[PDB]
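Undergrad: Structure supplied as input_15.cif; contents: mmCIF, C-alpha atoms.
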```cif
data_upload
loop_
_atom_site.label_atom_id
_atom_site.label_comp_id
_atom_site.auth_asym_id
_atom_site.auth_seq_id
_atom_site.Cartn_x
_atom_site.Cartn_y
_atom_site.Cartn_z
CA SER A 5 18.41 -6.12 -6.01
CA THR A 6 16.82 -3.00 -4.52
CA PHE A 7 15.95 -1.36 -7.85
CA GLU A 8 14.24 -4.28 -9.57
CA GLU A 9 12.84 -5.23 -6.19
CA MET A 10 11.33 -1.73 -5.91
CA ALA A 11 10.03 -1.82 -9.49
CA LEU A 12 7.86 -4.67 -8.21
CA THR A 13 6.23 -2.67 -5.44
CA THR A 14 3.90 0.28 -5.16
CA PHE A 15 5.28 3.39 -3.51
CA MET A 16 5.78 7.15 -3.80
CA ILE A 17 8.72 8.53 -5.72
CA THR A 18 9.98 11.36 -3.52
CA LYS A 19 13.11 13.25 -2.61
CA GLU A 20 14.40 10.43 -0.35
CA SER A 21 12.88 7.71 -2.52
CA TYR A 22 14.35 8.86 -5.82
CA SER A 23 17.78 9.54 -4.28
CA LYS A 24 17.73 6.06 -2.85
CA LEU A 25 16.93 4.66 -6.32
CA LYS A 26 19.44 6.56 -8.42
CA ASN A 27 22.10 5.18 -6.13
CA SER A 28 20.96 1.53 -6.46
CA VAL A 29 21.41 1.38 -10.19
CA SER A 30 24.02 2.29 -12.78
CA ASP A 31 23.14 5.06 -15.21
CA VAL A 32 24.14 2.79 -18.08
CA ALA A 33 21.46 0.37 -16.88
CA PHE A 34 19.09 3.13 -15.87
CA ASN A 35 19.32 4.62 -19.38
CA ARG A 36 18.98 1.15 -20.86
CA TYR A 37 15.77 0.64 -18.86
CA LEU A 38 14.54 4.06 -19.94
CA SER A 39 14.99 2.97 -23.62
CA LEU A 40 13.07 -0.32 -23.51
CA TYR A 41 10.14 1.49 -21.91
CA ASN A 42 9.32 2.57 -25.47
CA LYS A 43 9.34 -1.06 -26.49
CA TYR A 44 6.55 -1.83 -24.02
CA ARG A 45 4.84 1.51 -23.35
CA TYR A 46 1.80 0.50 -25.44
CA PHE A 47 1.87 -3.29 -25.18
CA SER A 48 -0.94 -5.30 -23.55
CA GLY A 49 -1.18 -9.09 -23.28
CA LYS A 50 0.90 -12.04 -21.99
CA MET A 51 4.70 -12.27 -21.55
CA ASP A 52 7.08 -14.47 -19.54
CA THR A 53 7.59 -13.67 -15.90
CA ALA A 54 11.20 -12.77 -16.67
CA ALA A 55 10.14 -10.27 -19.34
CA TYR A 56 7.66 -8.79 -16.87
CA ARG A 57 10.49 -8.06 -14.40
CA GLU A 58 12.64 -6.36 -17.02
CA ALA A 59 9.54 -4.46 -18.15
CA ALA A 60 8.74 -3.24 -14.60
CA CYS A 61 12.22 -1.82 -14.24
CA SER A 62 11.61 0.12 -17.46
CA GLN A 63 8.48 1.67 -16.02
CA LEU A 64 10.31 2.51 -12.83
CA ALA A 65 12.94 4.26 -14.93
CA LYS A 66 10.37 6.36 -16.79
CA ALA A 67 8.50 7.13 -13.56
CA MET A 68 11.80 8.37 -12.16
CA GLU A 69 12.81 10.69 -14.96
CA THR A 70 9.30 12.09 -14.74
CA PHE A 71 9.71 12.95 -11.00
CA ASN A 72 13.16 14.40 -11.67
CA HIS A 73 11.86 16.81 -14.34
CA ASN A 74 8.95 17.71 -12.12
CA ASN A 75 11.13 19.76 -9.74
CA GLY A 76 10.85 17.29 -6.92
CA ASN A 77 7.07 16.76 -7.06
CA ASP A 78 6.06 13.27 -6.01
CA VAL A 79 4.92 10.53 -8.23
CA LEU A 80 3.14 7.37 -7.50
CA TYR A 81 4.82 4.23 -8.78
CA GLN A 82 2.71 1.15 -9.32
CA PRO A 83 4.23 -1.92 -11.04
CA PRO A 84 2.84 -2.54 -14.49
CA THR A 85 -0.58 -4.24 -14.31
CA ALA A 86 -0.36 -7.97 -13.85
CA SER A 87 -3.00 -10.62 -14.47
CA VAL A 88 -1.11 -13.86 -14.05
CA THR A 89 -2.43 -17.09 -15.46
CA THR A 90 -1.32 -20.41 -13.93
CA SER A 91 -2.78 -23.87 -14.58
CA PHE A 92 -3.01 -26.49 -11.83
CA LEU A 93 0.37 -25.13 -10.75
CA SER B 5 10.84 -13.35 3.40
CA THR B 6 13.05 -16.36 2.63
CA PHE B 7 10.20 -18.82 2.21
CA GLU B 8 8.30 -16.78 -0.38
CA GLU B 9 11.32 -15.33 -2.12
CA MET B 10 12.45 -18.87 -2.89
CA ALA B 11 8.99 -20.15 -3.78
CA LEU B 12 9.59 -17.79 -6.73
CA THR B 13 12.83 -19.47 -7.88
CA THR B 14 13.80 -22.91 -9.26
CA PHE B 15 16.09 -24.86 -6.98
CA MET B 16 16.99 -28.37 -5.95
CA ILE B 17 15.63 -29.15 -2.48
CA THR B 18 18.39 -30.67 -0.31
CA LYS B 19 18.68 -31.43 3.39
CA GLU B 20 20.20 -27.97 3.69
CA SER B 21 17.56 -26.00 1.79
CA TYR B 22 14.67 -27.95 3.33
CA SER B 23 15.87 -27.10 6.83
CA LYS B 24 16.71 -23.44 6.25
CA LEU B 25 13.19 -23.11 4.84
CA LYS B 26 11.48 -25.04 7.64
CA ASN B 27 13.11 -23.08 10.47
CA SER B 28 12.03 -19.79 8.94
CA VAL B 29 8.33 -20.63 8.85
CA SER B 30 5.97 -21.32 11.76
CA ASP B 31 4.11 -24.68 11.63
CA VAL B 32 0.90 -22.70 11.35
CA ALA B 33 2.29 -20.92 8.25
CA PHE B 34 3.84 -24.01 6.67
CA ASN B 35 0.71 -26.03 7.16
CA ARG B 36 -1.55 -23.25 6.01
CA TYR B 37 0.43 -23.18 2.78
CA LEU B 38 0.56 -26.92 2.52
CA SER B 39 -3.18 -26.68 2.99
CA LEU B 40 -3.63 -24.05 0.31
CA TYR B 41 -1.95 -26.45 -2.09
CA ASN B 42 -5.36 -28.09 -2.25
CA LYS B 43 -6.83 -24.82 -3.63
CA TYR B 44 -4.29 -23.85 -6.26
CA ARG B 45 -3.53 -27.35 -7.55
CA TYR B 46 -6.94 -26.93 -9.16
CA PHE B 47 -6.87 -23.28 -9.90
CA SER B 48 -6.77 -22.59 -13.64
CA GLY B 49 -6.97 -18.97 -14.67
CA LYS B 50 -6.28 -15.36 -13.81
CA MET B 51 -5.12 -14.35 -10.34
CA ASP B 52 -3.32 -11.15 -9.27
CA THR B 53 0.34 -10.96 -8.12
CA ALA B 54 -0.21 -11.69 -4.39
CA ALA B 55 -2.32 -14.72 -5.25
CA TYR B 56 0.40 -16.07 -7.53
CA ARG B 57 2.85 -15.61 -4.64
CA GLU B 58 0.63 -17.54 -2.22
CA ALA B 59 0.24 -20.09 -5.01
CA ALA B 60 4.00 -20.55 -5.34
CA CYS B 61 4.26 -21.00 -1.60
CA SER B 62 1.61 -23.73 -1.51
CA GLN B 63 3.60 -25.39 -4.29
CA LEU B 64 6.88 -25.23 -2.33
CA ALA B 65 5.27 -26.39 0.91
CA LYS B 66 4.07 -29.37 -1.11
CA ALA B 67 7.47 -30.00 -2.72
CA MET B 68 9.01 -29.95 0.79
CA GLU B 69 6.56 -32.55 1.96
CA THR B 70 7.38 -34.58 -1.16
CA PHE B 71 11.05 -34.14 -0.26
CA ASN B 72 10.57 -35.12 3.37
CA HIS B 73 8.58 -38.18 2.45
CA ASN B 74 10.92 -39.73 -0.08
CA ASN B 75 13.75 -39.96 2.38
CA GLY B 76 15.42 -36.76 1.34
CA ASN B 77 16.19 -37.70 -2.27
CA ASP B 78 16.68 -34.49 -4.20
CA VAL B 79 13.41 -33.06 -5.50
CA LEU B 80 13.58 -30.07 -7.79
CA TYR B 81 11.41 -27.21 -6.71
CA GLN B 82 10.05 -25.05 -9.51
CA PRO B 83 7.63 -22.18 -9.30
CA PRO B 84 4.22 -22.67 -10.99
CA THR B 85 4.61 -21.91 -14.66
CA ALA B 86 3.02 -18.52 -15.29
CA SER B 87 2.18 -15.96 -17.94
CA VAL B 88 1.29 -12.46 -16.92
CA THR B 89 -0.78 -10.30 -19.21
CA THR B 90 0.31 -6.67 -18.67
CA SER B 91 -0.27 -2.98 -19.40
CA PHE B 92 1.84 -0.14 -18.01
CA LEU B 93 1.54 3.47 -16.69
#
```
Starting from the file, lay out its structure as structure tokens.

TA:
Amino acid sequence: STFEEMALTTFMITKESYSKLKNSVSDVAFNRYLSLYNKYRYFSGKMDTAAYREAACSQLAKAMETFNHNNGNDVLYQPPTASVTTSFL
Amino acid sequence: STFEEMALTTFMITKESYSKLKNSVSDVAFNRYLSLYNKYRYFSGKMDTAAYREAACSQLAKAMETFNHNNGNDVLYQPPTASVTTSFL
């Protein structure tokens, strides 16, 4: 989907950007994402690739409410840091 | 792009998914990947997100060649098992 897809890319949250994003997600999900963010906010270490994706959406949510209560500033959105460890594929 | 998007998912390679995938990628690209299989098959450790993506592609290119060379018997493609250590912003 566009939202989760976007939460996995670096970009600027702007007027256009944010508008695009509010309209690609349901507020029930958006507010759900905004809640979990607290779950991860201060967590560092390994997690399954599926948990990373859910986590990134959370950060996108937070990054969005920040821009919205900025008065249309512009905020940089970078996916949460990822050091992936694979072994001989 | 189709090739990479799928290198990120688990699916059964069939005559139909081989082909869709092959048509999408140039021989140069496919072979490069196939060739990078020889790098990642032995990689064991931390890599960033783009590297993991190229890693998953080399793994799919390889699975396709395994498909092609076993007379088209189904071969399950599966992205390289991974754990991402994270921190947010």

Undergrad: Take chain A, lay it over chain B with a least-squares fit on all the Cα atoms in order, then hand it over as an mmCIF file with C-alpha atoms, in the frame of the given file.

TA:
```cif
data_model
loop_
_atom_site.group_PDB
_atom_site.id
_atom_site.type_symbol
_atom_site.label_atom_id
_atom_site.label_comp_id
_atom_site.auth_asym_id
_atom_site.auth_seq_id
_atom_site.Cartn_x
_atom_site.Cartn_y
_atom_site.Cartn_z
ATOM 1 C CA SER A 5 11.057 -13.224 3.760
ATOM 2 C CA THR A 6 13.294 -16.167 2.856
ATOM 3 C CA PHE A 7 10.481 -18.711 2.472
ATOM 4 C CA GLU A 8 8.150 -16.745 0.211
ATOM 5 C CA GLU A 9 11.234 -15.345 -1.467
ATOM 6 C CA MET A 10 12.388 -18.920 -2.172
ATOM 7 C CA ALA A 11 8.925 -19.985 -3.351
ATOM 8 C CA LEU A 12 9.532 -17.466 -6.136
ATOM 9 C CA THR A 13 12.742 -19.051 -7.366
ATOM 10 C CA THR A 14 13.783 -22.288 -8.993
ATOM 11 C CA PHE A 15 16.100 -24.524 -7.009
ATOM 12 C CA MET A 16 16.714 -28.035 -5.681
ATOM 13 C CA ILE A 17 15.112 -29.148 -2.452
ATOM 14 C CA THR A 18 17.898 -31.013 -0.664
ATOM 15 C CA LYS A 19 19.160 -31.885 2.778
ATOM 16 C CA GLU A 20 20.640 -28.390 3.343
ATOM 17 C CA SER A 21 17.916 -26.680 1.325
ATOM 18 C CA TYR A 22 14.956 -28.234 3.112
ATOM 19 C CA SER A 23 16.530 -27.744 6.559
ATOM 20 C CA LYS A 24 17.079 -24.123 5.697
ATOM 21 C CA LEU A 25 13.394 -23.813 4.713
ATOM 22 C CA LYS A 26 11.754 -25.557 7.644
ATOM 23 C CA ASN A 27 13.577 -23.111 9.861
ATOM 24 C CA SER A 28 12.404 -19.995 7.952
ATOM 25 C CA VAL A 29 8.738 -20.651 8.471
ATOM 26 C CA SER A 30 6.381 -21.554 11.295
ATOM 27 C CA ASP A 31 4.713 -24.952 11.124
ATOM 28 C CA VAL A 32 1.357 -23.276 11.683
ATOM 29 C CA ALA A 33 2.003 -21.295 8.499
ATOM 30 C CA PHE A 34 3.707 -24.186 6.769
ATOM 31 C CA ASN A 35 0.656 -26.388 7.430
ATOM 32 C CA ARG A 36 -1.609 -23.541 6.375
ATOM 33 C CA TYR A 37 0.287 -23.290 3.073
ATOM 34 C CA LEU A 38 0.095 -27.055 2.663
ATOM 35 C CA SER A 39 -3.749 -26.811 2.973
ATOM 36 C CA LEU A 40 -4.389 -24.102 0.370
ATOM 37 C CA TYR A 41 -2.328 -26.078 -2.134
ATOM 38 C CA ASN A 42 -5.501 -28.137 -2.587
ATOM 39 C CA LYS A 43 -7.367 -24.948 -3.340
ATOM 40 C CA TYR A 44 -5.088 -24.245 -6.304
ATOM 41 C CA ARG A 45 -3.590 -27.620 -7.252
ATOM 42 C CA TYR A 46 -5.787 -27.843 -10.376
ATOM 43 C CA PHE A 47 -6.451 -24.184 -11.154
ATOM 44 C CA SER A 48 -5.285 -22.517 -14.387
ATOM 45 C CA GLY A 49 -5.932 -18.924 -15.468
ATOM 46 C CA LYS A 50 -5.444 -15.364 -14.133
ATOM 47 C CA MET A 51 -5.166 -14.197 -10.493
ATOM 48 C CA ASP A 52 -3.805 -11.106 -8.721
ATOM 49 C CA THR A 53 -0.093 -10.873 -8.157
ATOM 50 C CA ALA A 54 -0.712 -11.107 -4.416
ATOM 51 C CA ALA A 55 -2.673 -14.347 -4.815
ATOM 52 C CA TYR A 56 0.141 -15.702 -6.980
ATOM 53 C CA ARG A 57 2.644 -15.169 -4.135
ATOM 54 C CA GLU A 58 0.460 -16.928 -1.583
ATOM 55 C CA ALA A 59 -0.102 -19.684 -4.150
ATOM 56 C CA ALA A 60 3.656 -20.160 -4.768
ATOM 57 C CA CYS A 61 4.263 -20.642 -1.072
ATOM 58 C CA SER A 62 1.622 -23.386 -1.140
ATOM 59 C CA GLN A 63 3.470 -25.199 -3.891
ATOM 60 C CA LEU A 64 6.722 -24.818 -2.018
ATOM 61 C CA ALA A 65 5.043 -26.393 0.996
ATOM 62 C CA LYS A 66 3.808 -29.396 -0.988
ATOM 63 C CA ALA A 67 7.174 -29.761 -2.738
ATOM 64 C CA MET A 68 8.750 -29.863 0.711
ATOM 65 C CA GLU A 69 6.569 -32.505 2.293
ATOM 66 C CA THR A 70 7.206 -34.554 -0.825
ATOM 67 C CA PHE A 71 11.032 -34.376 -0.348
ATOM 68 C CA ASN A 72 10.647 -35.141 3.356
ATOM 69 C CA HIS A 73 8.670 -38.349 2.703
ATOM 70 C CA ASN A 74 11.113 -39.311 -0.001
ATOM 71 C CA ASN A 75 13.863 -40.192 2.505
ATOM 72 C CA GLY A 76 16.009 -37.241 1.600
ATOM 73 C CA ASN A 77 15.839 -37.613 -2.198
ATOM 74 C CA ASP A 78 16.040 -34.287 -3.986
ATOM 75 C CA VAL A 79 13.253 -32.486 -5.637
ATOM 76 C CA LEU A 80 13.243 -29.720 -8.093
ATOM 77 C CA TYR A 81 11.202 -26.688 -7.112
ATOM 78 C CA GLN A 82 9.986 -24.376 -9.834
ATOM 79 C CA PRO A 83 7.540 -21.552 -8.979
ATOM 80 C CA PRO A 84 4.077 -22.105 -10.367
ATOM 81 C CA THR A 85 3.926 -21.214 -14.082
ATOM 82 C CA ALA A 86 3.466 -17.531 -14.707
ATOM 83 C CA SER A 87 2.290 -15.762 -17.848
ATOM 84 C CA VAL A 88 1.869 -12.180 -16.736
ATOM 85 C CA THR A 89 -0.245 -9.760 -18.694
ATOM 86 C CA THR A 90 0.410 -6.009 -18.394
ATOM 87 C CA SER A 91 -1.019 -3.220 -20.563
ATOM 88 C CA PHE A 92 1.022 -0.134 -21.450
ATOM 89 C CA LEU A 93 2.315 -0.408 -17.887
#
```

Undergrad: Which residues of chain A are close to chain B, meaning at most 6 Å apart when you count only C-alpha atoms, and how do they look as a list in words?

TA: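 The selection requested is residues 48, 49, 50, 51, 52, 84, 85, 86, 87, 88, 89, 90, 91, 92 and 93 of chain A.
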
Undergrad: Please produce a file of those selected residues containing C-alpha atoms, as a tab-separated table (two decimals), in the frame of the given file.

TA:
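Listed below is the output, result_30.tsv:
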```tsv
chain	number	residue	atom	x	y	z
A	48	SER	CA	-0.94	-5.30	-23.55
A	49	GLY	CA	-1.18	-9.09	-23.28
A	50	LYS	CA	0.90	-12.04	-21.99
A	51	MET	CA	4.70	-12.27	-21.55
A	52	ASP	CA	7.08	-14.47	-19.54
A	84	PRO	CA	2.84	-2.54	-14.49
A	85	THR	CA	-0.58	-4.24	-14.31
A	86	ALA	CA	-0.36	-7.97	-13.85
A	87	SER	CA	-3.00	-10.62	-14.47
A	88	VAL	CA	-1.11	-13.86	-14.05
A	89	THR	CA	-2.43	-17.09	-15.46
A	90	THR	CA	-1.32	-20.41	-13.93
A	91	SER	CA	-2.78	-23.87	-14.58
A	92	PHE	CA	-3.01	-26.49	-11.83
A	93	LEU	CA	0.37	-25.13	-10.75
```

Undergrad: Leaving out residue 35 (chain B) and any residue of its chain fewer than 4 positions from it, which residues lie within 10 Å of it when counting all atoms listed in the file, given as a PyMOL selection string?

TA: chain B and resi 29-31+39-41+62+65-66

Undergrad: Skipping near chain neighbours, those fewer than 5 positions away, what residues fall within 12 Å of residue 9 (chain B) using all atoms listed in the file, listed as a ChimeraX atom specification?

TA: /A:9 /B:14-15,25,28,57-58,60-61,64,83

Undergrad: Give me a file of those residues, with C-alpha atoms, as a short mmCIF file (atom, residue, chain, number, x, y, z; two decimals), in the frame of the given file.

TA:
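Contents of the output file result.cif:
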```cif
data_model
loop_
_atom_site.label_atom_id
_atom_site.label_comp_id
_atom_site.auth_asym_id
_atom_site.auth_seq_id
_atom_site.Cartn_x
_atom_site.Cartn_y
_atom_site.Cartn_z
CA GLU A 9 12.84 -5.23 -6.19
CA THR B 14 13.80 -22.91 -9.26
CA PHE B 15 16.09 -24.86 -6.98
CA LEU B 25 13.19 -23.11 4.84
CA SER B 28 12.03 -19.79 8.94
CA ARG B 57 2.85 -15.61 -4.64
CA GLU B 58 0.63 -17.54 -2.22
CA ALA B 60 4.00 -20.55 -5.34
CA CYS B 61 4.26 -21.00 -1.60
CA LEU B 64 6.88 -25.23 -2.33
CA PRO B 83 7.63 -22.18 -9.30
#
```

Undergrad: In Å, with one decimal, what is the gap from CA of residue 34 (chain A) to CA of residue 68 (chain A)?

TA: 9.7 Å

Undergrad: Between CA of residue 27 (chain A) and CA of residue 8 (chain A), what is the distance in Å, rounded to a tenth?

TA: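 Taking CA of residue 27 (chain A) and CA of residue 8 (chain A), their separation equals 12.8 Å.
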